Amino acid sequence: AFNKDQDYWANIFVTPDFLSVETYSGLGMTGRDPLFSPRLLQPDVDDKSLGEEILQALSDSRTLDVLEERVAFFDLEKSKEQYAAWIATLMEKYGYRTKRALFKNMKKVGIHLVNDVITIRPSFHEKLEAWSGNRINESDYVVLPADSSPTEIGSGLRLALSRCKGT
């Protein structure tokens, strides 16, 4: 499963209308990994389903150890098109008229699994399309052993979400 000293990344974007569990891959820099189909959940998805999704998204997270792999993964035109494509889908699927509508109440929770620990970080919604760890104190992280039940992971995600800051 998860390898020693290997980082696995997932981010959850939550609006009042949906919950999106997203595998991020990379190395230092990470990005939504377009290999994997999205994992969109109902905003009120139960803890266990959410936990299972998060663990699976984490399992898909790749460490781009190959240089050319990294360079290709983060190609600016490709990154730009993927993100734009990302926005388009969400807007179309949930009927957001503008990007702002999509983003204005979007929370982001970062999930990081390395070694024995899952770290769930609330974020500060600093600009419409930016979430920062600034102004989130380390103490607000939800830390869970990696072997937590899917339900505890789901519950822990909900806890972190409650700690996101915005506006």
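Heads up: residue numbers just count along the shown sequence, starting at 1.
Novice: Please compare 62-70 with 134-142 and say which has the higher mean C-alpha temperature factor in the record.
Specialist: Result of the comparison: 134-142.
Novice: Averaging only over Cα atoms, indicate whether 53-61 or 39-47 has the higher B-factor in the PDB entry.
Specialist: The stretch with the larger average C-alpha B-factor is 39-47.
Novice: Going by what the PDB entry lists, where does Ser149 fall on CA B-factor within its chain: lowest, middle or highest third?
Specialist: Highest third of the chain for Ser149's C-alpha B-factor.
Novice: Lowest, middle or highest third: where is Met29 by C-alpha B factor in its chain?
Specialist: According to the entry, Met29 has a C-alpha B-factor in the chain's highest third.
Novice: If you rank the chain by CA B-factor, which third does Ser123 end up in: lowest, middle or highest?
Specialist: For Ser123, whose C-alpha B-factor we compare with every modelled residue in the chain, the answer is the lowest third.
Novice: By the record's CA B-factor, is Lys99 among the lowest, middle or highest third of residues in the chain?
Specialist: Highest third - that is where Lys99 ends up once the chain's C-alpha B-factors are sorted.
Novice: Using the B-factor values recorded in the entry, state whether the Cα atom of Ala160 falls in the lowest, middle or highest third among the modelled residues of its chain.
Specialist: Within its chain, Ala160 is a lowest-third residue by C-alpha B-factor, going by the deposited values.
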